[PDB]
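In what follows, a single structure is set out as structure tokens and then discussed.
What follows is calculated from the coordinates using simple rules that are stated; it is not laboratory data. No Cβ is skipped: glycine too gets one built from the backbone with ideal geometry, and neighbour counts run over all protein chains shown.
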């Protein structure tokens, strides 16, 4: 294809997505930095009720080096998250992910996703609660606020769009519990007829 990806090349972006995500690329496609590559669907209220809490949280997903296991943590910003945690950070089992040590890491591995979100709690008229985690990118502070009424089926947040952070060739992987897009840098191959 004139340009190829070496089997030794590691991805320049590895995007982790919900299993409901709509992919806008396919295996082997070349993309340019800034191209649309995926969209997560809008977030809708499952039941009518009133918003009783809106809280800043950090979602952190950790994966073992062999990729056999992952854990996902939703940690309140108030528990204290070190500013040095980012994608690629190496973590160890038994060490705290929060300053107050209430959240402990359960795997040796690396952080593969870390994102600021708003935890939104809706309480139904008969006293049940639903919990939503809304990415900051699609959070609207005028509509999602304590005391606001929501109705079954109402959109709480728009679909979230994802654009390539780098140019290269796409690999898509589909698991039961998530989708990923990896983008790899390519190398020019020798003109061979």
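Give me the one-decimal nm value for the distance between modelled label points at residue 108 and residue 69, 7 Å along each residue's Cα-to-Cβ direction.
1.1 nm
Using Cα-Cα distances under 8 Å and only pairs 6 or more residues apart, what relative contact order does the chain have, in percent? Working shown, then result.
Details: 443 pairs, mean separation 72.4, N = 193.
For the chain, the relative contact order is 38 percent.
List the equivalent ellipsoid semi-axes of the range 1-148 in whole Å, largest first, each obtained as the square root of 5λ for an eigenvalue λ of the Cα gyration tensor. Numbers along the way, then the final one.
Details: eigenvalues 203, 107, 32 Å².
Sorted largest first and rounded, they come to 32, 23, 13 Å.
Neighbouring Cβ atoms within 10 Å as the yardstick, rank 75, 37 fewest first.
Lowest count first: 75, 37.
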